[PDB]
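Notes for the one structure printed next.
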Amino acid sequence: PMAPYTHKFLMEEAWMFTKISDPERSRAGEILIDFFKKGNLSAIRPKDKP
Amino acid sequence: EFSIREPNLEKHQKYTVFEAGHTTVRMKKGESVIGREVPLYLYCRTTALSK
Amino acid sequence: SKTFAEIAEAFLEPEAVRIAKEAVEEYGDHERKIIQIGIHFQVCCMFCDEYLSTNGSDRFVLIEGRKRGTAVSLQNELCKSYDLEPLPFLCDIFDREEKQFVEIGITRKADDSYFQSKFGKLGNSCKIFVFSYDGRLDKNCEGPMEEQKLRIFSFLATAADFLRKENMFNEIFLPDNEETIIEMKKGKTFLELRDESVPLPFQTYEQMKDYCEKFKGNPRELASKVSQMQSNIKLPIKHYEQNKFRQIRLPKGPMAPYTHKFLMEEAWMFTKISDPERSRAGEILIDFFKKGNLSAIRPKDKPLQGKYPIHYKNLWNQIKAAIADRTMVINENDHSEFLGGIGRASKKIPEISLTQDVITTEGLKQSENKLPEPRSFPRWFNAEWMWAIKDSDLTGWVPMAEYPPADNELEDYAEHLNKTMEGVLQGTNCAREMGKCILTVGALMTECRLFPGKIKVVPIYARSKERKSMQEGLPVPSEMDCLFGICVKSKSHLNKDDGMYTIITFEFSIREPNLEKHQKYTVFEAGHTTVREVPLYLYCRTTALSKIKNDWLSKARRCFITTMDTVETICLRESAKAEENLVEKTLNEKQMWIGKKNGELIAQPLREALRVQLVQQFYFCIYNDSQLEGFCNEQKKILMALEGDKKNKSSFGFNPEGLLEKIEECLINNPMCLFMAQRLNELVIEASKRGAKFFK
Amino acid sequence: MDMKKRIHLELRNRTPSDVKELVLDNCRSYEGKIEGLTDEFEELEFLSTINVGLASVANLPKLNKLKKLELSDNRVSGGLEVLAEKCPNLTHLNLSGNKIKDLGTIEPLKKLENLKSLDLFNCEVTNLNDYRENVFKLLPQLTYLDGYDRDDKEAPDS
Amino acid sequence: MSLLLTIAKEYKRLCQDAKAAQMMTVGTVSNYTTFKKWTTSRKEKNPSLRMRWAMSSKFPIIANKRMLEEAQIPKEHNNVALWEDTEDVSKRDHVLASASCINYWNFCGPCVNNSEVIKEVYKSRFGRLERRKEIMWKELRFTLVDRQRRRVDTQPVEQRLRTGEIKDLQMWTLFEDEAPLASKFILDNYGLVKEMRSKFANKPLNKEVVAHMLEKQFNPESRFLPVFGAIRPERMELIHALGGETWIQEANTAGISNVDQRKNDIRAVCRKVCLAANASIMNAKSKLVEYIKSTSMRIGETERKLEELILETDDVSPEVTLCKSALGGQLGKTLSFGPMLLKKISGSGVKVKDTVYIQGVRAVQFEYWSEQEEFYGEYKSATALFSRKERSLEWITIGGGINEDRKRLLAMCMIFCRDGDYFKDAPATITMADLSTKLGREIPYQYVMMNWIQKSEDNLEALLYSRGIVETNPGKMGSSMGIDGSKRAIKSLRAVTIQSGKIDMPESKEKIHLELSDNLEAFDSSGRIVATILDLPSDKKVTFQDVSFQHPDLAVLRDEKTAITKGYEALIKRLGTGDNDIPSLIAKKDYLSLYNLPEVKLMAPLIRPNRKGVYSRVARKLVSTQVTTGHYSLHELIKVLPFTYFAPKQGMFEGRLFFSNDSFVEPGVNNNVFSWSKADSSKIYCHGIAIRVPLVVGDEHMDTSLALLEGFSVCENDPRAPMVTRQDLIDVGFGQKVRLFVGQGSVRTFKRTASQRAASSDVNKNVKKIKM
RNA sequence: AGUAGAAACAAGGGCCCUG
């Protein structure tokens, strides 16, 4: 069989949400919370069957 | 991880995949911006690391 | 459910439920009327709808839910204030924009009868509205507000659907004014009987009802009658330690002979190699026939013992001929007709065609049932039991399925233990008898189903596999088809279960018979056979079977289940008390008493004692009858008393002699019962050296 | 609902021979197969079938005056030669949202000499290298692609 | 078709007879059920025997004939028979065959296009399989097990329902054409029905099988079994392969089925609302009922009403009990005294008065029961069986596994029985302040001592000392308990018994309808208290997810977002029937009268004033485009209308529509301020809050009559109106009448006019107007 | 003949069928 993907992250099939950078909130714990506030993540509801 | 490209069985073997609703894509339109909705996928995987 | 209130709560508001409940409690009527009233009340509520008048005040006022006296007080108050005439009867709601009371009605029947009765009773005094659960309305004035009608009809539709779903949409729960008295239609004959079945002191159900509804407790007379009955009884109580158990008295007479259809120890068999193509019986019976040994046989007219030898010889010759014709069939002659009972059934004689002269001609008295006769203890049972414990030179006698995959330690343990036990058991002799019975009974059942009214020929055979030596020599041991004898059926017209279809058994042996044991057989001297050369005998007899015995014998793999249960239970119990895997050790080490030799006890590991339990279960499956049933049902008391003796529990009883009598009553001409009873006596004897409660 | 009922509803007593437009978006078609279409529709010049669980085009009848089609949000793949057999006068096409892997599936569209604009968005083919250029070299008659001509000339409104 | 004509001919032939006519004319349709029993009645004693006796034959099976001809099923394929032309005696339209036929069909018979629908039909068992595959087994060990018997559930199920709510669901999904009137459960749970219908629609299926499978998919199999370890349905379904009396197959099964989280969330919400209502002083009852009905929560994908879940669950907690009592929900005979659990086995009694002096001389009344009674009790990892007798703890037995739990249970039991001298003369430490009345609400000395124990361990030690202590007699050393909770000692407490092995929980399939007071204390046809508000944790803060507290008091938003939400609500309430409403105007294509509505006029002040004209243009444009044709989405007009009040102007529309509070909505994509989905087209999410849109008209998405039922209602029967189907029902005019067929053997008359109110208010008010 | 039990079978219906 063919050799599968190995790297930890995704390069070509990736995707990203965006937002403006605030130097007063330039940390992971804060960036994640801010991204979550607008509710685009909460809309992510994967179905049972993959 | 998030993705908007359905997977292939060979390259994506260690990955468990789902379908998480939809999203939006933004592109130029003359002198304005528009939005075109697309599906959305969720790529699940486990792995180890070290120092 | 469980109460009308919970039901009403399904589609009504609990408030109106409580209201109607308090109301029926006020009038003290049957609570089956909780529903109608609540419905009416809820309608009234939804009829008000919180509407208002020009003055920003409420338009409608409710009075139904209120008490009767208070309701009448308010009615008169309103008739006075607004200067209205007092009504003779009570109402449900009153309006102000028109200043005239309003009455609401409901019914299920699609007719005006209720509205005609109400209009006659009240003429045109006030406004009356009667709705129907099926969308109808009758009134005496202009129609109500639209919303009210919509809101009422929808509610009523839902309620009617629910009720019809609950089977309560009848006059009982939804009666009119008149049909409010439901009662059992007590006729004339039923009453005549009820007043006749009364106890003695009373003579009419009324007296009994008055005595029971008012019965009061008088403990003193009760205690006095109790003591009195306690004195004229004198219930005996017998502690076993003082009143010991005598031994059991077995019957006396000749010995109990062999009863099983097939031979086990005296059986001789011819073996060959099995080809997968030819696997049916009608084929193997020919394969064994070609080599010439089956045809080399030629018995003589002089039998060692038995009766009707000529019939048996002719039947054997006909069997050989039919085999030669490649058709396992036999013709109807006088011999087969005799040894098949083909004409034995009695000829019926109707009574309408009967007379005294006919009776006096040939006595036609009532049949005198000849119950079985007693027997003695058999001395050949231990021999069979000891022979059925040793190997048989082969294995795979009993077919078994495959083992599925495994994922956890549990299934691994189970498979390992099951493999050990199956490999140990499949090598014995009882196993080959089980396989023989299985296959022969399967073939016989198939034949009885397909070829009734026709005498057939069925073999007594089995399939096995030679044991596995080391890798040296010829590897991959082969299979084997073995043949012990021949079987024959006779017109198994199984019109009904429990029926009987006579069969015949031709078996091969190399051991001379005994009169006591092989009493029913009719042996012949056939000739010689190799191994060197040795004489040959031919055991022959007659018997019968039925659907039930066939089905059960075919299902003779349960003994494995029972034995595995016992063994796994013992091993797991021993392993849990120590919290460690103690299974192989318990199988190779733990000793179990088996029997006596030279007046001493004998023991061997469980791994080899399993065979005793297996043979016990097989015999239970073979000799099963009502006698053994009753015996094994009545012996438990003795074992429980024994256990009580082992633990110093001062057991007692009421009448053990009767128990011994019941036990000894069901011991007749059934070898297993006699053997196990003698062994139970020996048990209590051996235990008396270590326990009380038993006499010698 | 169902394309049958949807159609019978859109046809408010009108014959299927005098209409110039039709829409069937947000419907369902069993087995991803057309159901209710015939050659009776002659004057039809536009069609729209979106998010109807479509997977192929085999029952689609012959429509000449048709000059614009929409099949987005479905999962069609492979059948693109009928268009020549049924709609050879077609000019505008859209397939964004369907299952399209390679270009060999696109080659038949070269025969639609009347073709002007095509719309492929969110398809796998778009994720290749030199696809716009290779497509243009495949379909020269074409001018607009996803709303943009050679040199990235934004197309007008209509 | 021709089949229909054949059915008509058969009906005619059958009516020509006299008996068939009499039976099809007399009585109602229910008689059918009865007739279904008098026919085809035949049983057998031992089917195994007859199966071996029949399968031994040539043609033991029956089968259809035309299906075989159409399927081209031959006879004597390879010298082996498959069937022969005959007629069974019962059916008269079936033919004998053999089992070989069943293989011949399986190997060279007709094939269907697809069969994955099975995975939905038997979803429960595929779920079993998947849950099994996601387990990580472990070693095996041998030892004895303390298996306690109790009633539990073995089938994990989401959205557990009743039976009456299913007999209807089995219709709107499968056999809709003969569907009865719409029940409330349907109108409320629309998306659920739509989901169940999307899969089993336009498919070749046997429907009875589907209905049976759905019953199983909504039935939690409750059983009385021995159990060990944690209690979760995910385990009980395979308990047979986890451990027995002597063995245990360790395995981790914690991260599956996400069940108990829902229950703990529900109980937290119940506790919250109970405390809220307790904050009141005179109307906590109505306050609590309002908080209940003004609240919702999400389950998986769907949104369910709280009062609906509460009446379906079986969590015996002092919180759920109160709620189920307010809603008139019957329940079991289970008690609760603080954290512990109790259940009465036998005995009786009645209240009695007594007093105690708190400090010096301060008389305080405390009650007890004057009789003998026996009770089972269950605390964390501890069981007990005790008896009370006239203000004394007669005896008690324990079968727990912990010392601390064993002491706490004993102390709470002693309290429950008012045993000891403390109840005769309280300690100095307690005072009138700790007595009762945080703000006026009294407290019986019982819960007083309860909290006094929970405060300090030394109070518990003293309370235990209040119980008699003696020297451990010989032999009873094993059945003895010290002060620390040790299985043996030299001196132990009085009238106590210990043992290894929990107690078998009793069982009773009984129900009772109880009530409660204005102080949140339930009563059961007697002076006994089953629940209260003092038996729950004091308080705690939690952030509830996927919940809707659509009530002022139970809200944290400001006046701005609340005003927006209320404006949207008011604008939706105009979605009913009657002219001047948006449906009639859409039907008339009067897209202009919408701009002049009063509701948009009330929401206008909230619009960003510097760009209200530009947005207005866009909104009006969209509306006309949707209205002129008929291909509209009701979930977008309700969003954009508030902007059409002002006059259009010129400017660049960036793509967003802002209010005056820096909160926008976008026309086509869902955001935090306005979201919705095609799955549940009956909900609108604004600022997390949920809004229920009525079902009066159906857009392109909605594809059945289910979306029209809230626009229709029953009215007086009129034989003049026409009779139509359930599909043409959409082509009627608002305010018109029409006859129709409902369910089976029933015809009625409907009118496309709605009724805004429900019975909850029109009865309660009129009642309160009677107690004066 | 025989079976088995605490009574039943050892074909039954019309020369033909059947468990």
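All residue names refer to the structure tokens as shown: chains lettered A, B, ... in order, residues numbered from 1 in each chain, ligands numbered from 1 in order.
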
Exercise. Please identify all polymer residues within 10 Å of residue 82 of chain D, counting only C-alpha atoms (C1' of nucleotides), omitting same-chain residues fewer than 4 positions from it, and present them as a PyMOL selection string.
Key: chain D and resi 57-62+86-88+108-109

Can you tell me which residues surround segment 653-670 of chain E at a distance of at most 7 Å, considering only C-alpha atoms (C1' of nucleotides), apart from same-chain residues fewer than 4 positions away, and format the answer as a compact mmCIF listing (two decimals) with N, CA and C atoms, in the first residue's frame?
# COMPACT_ATOMS: atom_id res chain seq x y z
N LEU E 606 -33.76 51.15 17.15
CA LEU E 606 -32.57 50.34 17.40
C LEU E 606 -31.62 50.30 16.21
N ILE E 607 -32.06 50.76 15.04
CA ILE E 607 -31.22 50.69 13.85
C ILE E 607 -30.13 51.75 13.93
N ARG E 608 -28.96 51.43 13.39
CA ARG E 608 -27.92 52.43 13.24
C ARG E 608 -28.46 53.60 12.44
N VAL E 614 -29.64 53.17 3.53
CA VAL E 614 -29.00 52.24 2.60
C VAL E 614 -29.44 50.82 2.89
N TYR E 615 -29.36 50.42 4.16
CA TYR E 615 -29.80 49.08 4.52
C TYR E 615 -31.24 48.88 4.11
N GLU E 636 -35.56 34.66 6.49
CA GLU E 636 -34.79 35.84 6.08
C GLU E 636 -35.61 37.12 6.11
N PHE E 674 -28.51 35.90 14.91
CA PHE E 674 -29.64 35.29 14.22
C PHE E 674 -29.13 34.06 13.49
N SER E 675 -29.54 32.89 13.95
CA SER E 675 -29.10 31.63 13.38
C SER E 675 -30.29 30.71 13.20
N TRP E 676 -30.14 29.75 12.30
CA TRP E 676 -31.17 28.75 12.04
C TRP E 676 -30.58 27.69 11.13

Contact check, chain D to chain A, at most 12 Å, counting only C-alpha atoms, closest pairs as CSV:
residue,atom,partner,partner_atom,distance
D:124,CA,A:13,CA,11.2
D:127,CA,A:12,CA,9.5
D:128,CA,A:12,CA,11.5

Quiz prompt | Spatial neighbours of segment 17-26 of chain A, 12 Å, only C-alpha atoms (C1' of nucleotides), chain gap at least 2 places, as number ranges by chain | solution = A: 14-15, 28-41; B: 1-4, 23-26, 40

Only residues of chain C matter here; which ones have an atom within 9 Å of chain F, counting only C-alpha atoms (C1' of nucleotides)? Give them as a PDB file with C-alpha atoms, in the first residue's frame.
ATOM      1  CA  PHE C 338     -45.675 -61.495  13.206  1.00  0.00           C
ATOM      2  CA  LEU C 339     -42.432 -59.907  14.390  1.00  0.00           C
ATOM      3  CA  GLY C 340     -43.946 -56.532  13.321  1.00  0.00           C
ATOM      4  CA  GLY C 341     -47.372 -56.942  14.968  1.00  0.00           C
ATOM      5  CA  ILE C 342     -48.781 -55.735  11.629  1.00  0.00           C
ATOM      6  CA  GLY C 343     -52.267 -57.285  12.396  1.00  0.00           C
ATOM      7  CA  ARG C 344     -52.123 -57.247  16.228  1.00  0.00           C
ATOM      8  CA  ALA C 345     -54.450 -54.229  16.875  1.00  0.00           C
ATOM      9  CA  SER C 346     -57.844 -55.269  18.340  1.00  0.00           C
ATOM     10  CA  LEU C 371     -48.927 -53.804  36.294  1.00  0.00           C
ATOM     11  CA  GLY C 453     -46.264 -47.765   5.774  1.00  0.00           C
ATOM     12  CA  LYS C 491     -44.775 -48.856   9.645  1.00  0.00           C
ATOM     13  CA  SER C 492     -44.153 -45.844  11.873  1.00  0.00           C
ATOM     14  CA  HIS C 493     -47.586 -44.337  11.251  1.00  0.00           C
ATOM     15  CA  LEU C 494     -47.022 -41.756  13.986  1.00  0.00           C
ATOM     16  CA  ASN C 495     -50.571 -40.435  13.909  1.00  0.00           C
ATOM     17  CA  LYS C 496     -50.008 -38.929  17.360  1.00  0.00           C
ATOM     18  CA  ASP C 498     -46.351 -40.901  22.332  1.00  0.00           C
ATOM     19  CA  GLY C 499     -47.230 -43.520  19.704  1.00  0.00           C
ATOM     20  CA  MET C 500     -45.209 -46.667  19.088  1.00  0.00           C
ATOM     21  CA  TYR C 501     -43.541 -48.160  16.017  1.00  0.00           C
ATOM     22  CA  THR C 502     -41.979 -51.575  16.538  1.00  0.00           C
ATOM     23  CA  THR C 542     -37.502 -56.656  19.418  1.00  0.00           C
ATOM     24  CA  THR C 543     -38.543 -53.281  20.815  1.00  0.00           C
ATOM     25  CA  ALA C 544     -40.210 -49.981  19.917  1.00  0.00           C
ATOM     26  CA  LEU C 545     -39.755 -46.214  20.121  1.00  0.00           C
ATOM     27  CA  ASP C 625     -39.033 -43.139  33.425  1.00  0.00           C
ATOM     28  CA  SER C 626     -41.616 -42.202  36.035  1.00  0.00           C
TER      29      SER C 626
END

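Atom pair atom CA of residue 131 of chain D / atom CA of residue 101 of chain D has a distance of 11.9 Å (rounded to one decimal).
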
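From atom CA of residue 433 of chain C back to atom CA of residue 554 of chain C, the distance works out to 11.7 Å.
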
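If you look at atom CA of residue 286 of chain C and atom CA of residue 507 of chain C, they are 16.6 Å away from each other.
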
Quiz item: If we count only C-alpha atoms (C1' of nucleotides), what is near segment 145-155 of chain C at a cut-off of 8 Å, once residues fewer than 5 positions away on the same chain are taken out, given as a PyMOL selection string?
Solution: (chain C and resi 43+46-47+49+131+133+135) or (chain E and resi 713-716+755)

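Near chain E, the residues of chain D that fall inside 10 Å (using only C-alpha atoms) are residues 1, 2, 5, 6, 10, 23, 24, 25, 26, 27, 29, 30 and 31 of chain D.
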
Exercise. Kindly determine which residues of chain E lie within 12 Å of chain F, considering only C-alpha atoms (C1' of nucleotides), and give the answer as a ChimeraX atom specification.
Key: /E:53-54,57

Kindly save the residues from that selection, with N, CA and C atoms included, as a PDB file, in the first residue's frame.
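The resulting out.pdb:
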ATOM      1  N   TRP E  53     -39.777 -32.582  12.849  1.00  0.00           N
ATOM      2  CA  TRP E  53     -40.663 -33.532  12.198  1.00  0.00           C
ATOM      3  C   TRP E  53     -41.183 -33.013  10.864  1.00  0.00           C
ATOM      4  N   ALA E  54     -41.187 -31.694  10.668  1.00  0.00           N
ATOM      5  CA  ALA E  54     -41.631 -31.089   9.420  1.00  0.00           C
ATOM      6  C   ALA E  54     -40.475 -30.870   8.452  1.00  0.00           C
ATOM      7  N   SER E  57     -39.552 -33.221   5.934  1.00  0.00           N
ATOM      8  CA  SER E  57     -40.440 -33.453   4.810  1.00  0.00           C
ATOM      9  C   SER E  57     -39.866 -32.811   3.550  1.00  0.00           C
TER      10      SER E  57
END

Self-check item: DSSP helix (DSSP H, G or I) selection over chain A, as JSON, numbers by chain
Solution: {"A": [23, 24, 25, 28, 29, 30, 31, 32, 33, 34, 35, 36, 37]}

Practice problem: Provide as a ChimeraX atom specification the residues of chain D at most 10 Å from chain B, counting only C-alpha atoms. | Solution: /D:73,97,121-124,127,147,153-156

Counting only C-alpha atoms (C1' of nucleotides), what is within 10 Å of segment 101-106 of chain E, bar same-chain residues fewer than 4 positions away, as a tab-separated table (two decimals) with C-alpha atoms, in the first residue's frame?
chain	number	residue	atom	x	y	z
E	59	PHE	CA	-42.11	-29.02	1.12
E	61	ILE	CA	-42.74	-24.04	3.82
E	63	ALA	CA	-44.77	-18.93	-0.11
E	68	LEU	CA	-42.12	-16.45	-7.80
E	71	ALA	CA	-39.08	-13.50	-10.07
E	73	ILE	CA	-38.16	-18.92	-9.82
E	74	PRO	CA	-38.10	-22.32	-11.58
E	75	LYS	CA	-38.87	-25.79	-10.26
E	77	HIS	CA	-33.46	-26.62	-10.96
E	80	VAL	CA	-33.77	-30.75	-6.62
E	81	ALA	CA	-37.31	-29.53	-6.06
E	82	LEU	CA	-38.11	-26.01	-4.91
E	83	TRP	CA	-41.92	-25.97	-4.98
E	97	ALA	CA	-42.02	-24.90	-1.13
E	110	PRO	CA	-33.59	-10.34	-7.70
E	111	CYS	CA	-31.28	-7.70	-6.24

Quiz item: How would you write, as a ChimeraX atom specification, the set of residues in chain B that DSSP gives as strand (DSSP E or B)?
Solution: /B:2-3,16-29,32-44

Quiz item: Counting only C-alpha atoms (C1' of nucleotides), what is within 8 Å of residue 4 of chain A, bar same-chain residues fewer than 5 positions away, as a VMD selection string?
Solution: chain B and resid 10 to 14

Exercise. For residue 119 of chain C, please output as a PyMOL selection string all residues within 10 Å (counting only C-alpha atoms (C1' of nucleotides); exclusion window: fewer than 6 positions along the same chain).
Key: chain C and resi 113+125-128+139-140

Save out the residues we just selected, N, CA and C atoms, as a PDB file, in the first residue's frame.
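result21.pdb was written with the following content:
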ATOM      1  N   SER C 113     -81.703  14.847  21.359  1.00  0.00           N
ATOM      2  CA  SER C 113     -82.480  14.372  22.499  1.00  0.00           C
ATOM      3  C   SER C 113     -82.113  15.125  23.773  1.00  0.00           C
ATOM      4  N   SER C 125     -85.908  30.286  29.090  1.00  0.00           N
ATOM      5  CA  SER C 125     -85.551  31.220  30.152  1.00  0.00           C
ATOM      6  C   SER C 125     -84.179  31.837  29.908  1.00  0.00           C
ATOM      7  N   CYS C 126     -83.164  31.000  29.706  1.00  0.00           N
ATOM      8  CA  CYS C 126     -81.787  31.449  29.563  1.00  0.00           C
ATOM      9  C   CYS C 126     -81.170  30.809  28.325  1.00  0.00           C
ATOM     10  N   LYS C 127     -79.892  31.105  28.101  1.00  0.00           N
ATOM     11  CA  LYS C 127     -79.176  30.629  26.927  1.00  0.00           C
ATOM     12  C   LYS C 127     -78.563  29.267  27.218  1.00  0.00           C
ATOM     13  N   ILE C 128     -78.811  28.311  26.328  1.00  0.00           N
ATOM     14  CA  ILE C 128     -78.318  26.949  26.471  1.00  0.00           C
ATOM     15  C   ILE C 128     -77.493  26.603  25.241  1.00  0.00           C
ATOM     16  N   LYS C 139     -78.574  25.060  20.271  1.00  0.00           N
ATOM     17  CA  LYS C 139     -78.729  26.204  21.152  1.00  0.00           C
ATOM     18  C   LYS C 139     -80.137  26.764  21.004  1.00  0.00           C
ATOM     19  N   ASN C 140     -80.405  27.842  21.747  1.00  0.00           N
ATOM     20  CA  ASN C 140     -81.713  28.482  21.766  1.00  0.00           C
ATOM     21  C   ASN C 140     -81.611  29.978  21.491  1.00  0.00           C
TER      22      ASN C 140
END

Residues of chain A that have any atom at most 9 Å from an atom of chain B: could you tabulate them with the shortest-distance atom pair and the distance in Å to one decimal, using only C-alpha atoms, ordered by chain and increasing number, as JSON lines?
{"residue": "A:1", "atom": "CA", "partner": "B:10", "partner_atom": "CA", "distance": 8.0}
{"residue": "A:2", "atom": "CA", "partner": "B:10", "partner_atom": "CA", "distance": 6.5}
{"residue": "A:3", "atom": "CA", "partner": "B:11", "partner_atom": "CA", "distance": 7.0}
{"residue": "A:4", "atom": "CA", "partner": "B:11", "partner_atom": "CA", "distance": 4.3}
{"residue": "A:5", "atom": "CA", "partner": "B:11", "partner_atom": "CA", "distance": 5.3}
{"residue": "A:6", "atom": "CA", "partner": "B:14", "partner_atom": "CA", "distance": 8.3}
{"residue": "A:8", "atom": "CA", "partner": "B:47", "partner_atom": "CA", "distance": 7.3}
{"residue": "A:9", "atom": "CA", "partner": "B:1", "partner_atom": "CA", "distance": 7.7}
{"residue": "A:10", "atom": "CA", "partner": "B:1", "partner_atom": "CA", "distance": 7.7}
{"residue": "A:13", "atom": "CA", "partner": "B:3", "partner_atom": "CA", "distance": 5.8}
{"residue": "A:14", "atom": "CA", "partner": "B:3", "partner_atom": "CA", "distance": 4.9}
{"residue": "A:15", "atom": "CA", "partner": "B:3", "partner_atom": "CA", "distance": 4.9}
{"residue": "A:16", "atom": "CA", "partner": "B:2", "partner_atom": "CA", "distance": 7.0}
{"residue": "A:40", "atom": "CA", "partner": "B:23", "partner_atom": "CA", "distance": 8.7}
{"residue": "A:43", "atom": "CA", "partner": "B:21", "partner_atom": "CA", "distance": 7.5}
{"residue": "A:44", "atom": "CA", "partner": "B:20", "partner_atom": "CA", "distance": 5.2}
{"residue": "A:45", "atom": "CA", "partner": "B:20", "partner_atom": "CA", "distance": 5.3}
{"residue": "A:46", "atom": "CA", "partner": "B:20", "partner_atom": "CA", "distance": 4.4}
{"residue": "A:47", "atom": "CA", "partner": "B:19", "partner_atom": "CA", "distance": 6.5}
{"residue": "A:48", "atom": "CA", "partner": "B:18", "partner_atom": "CA", "distance": 8.2}
{"residue": "A:49", "atom": "CA", "partner": "B:18", "partner_atom": "CA", "distance": 7.5}
{"residue": "A:50", "atom": "CA", "partner": "B:18", "partner_atom": "CA", "distance": 4.8}
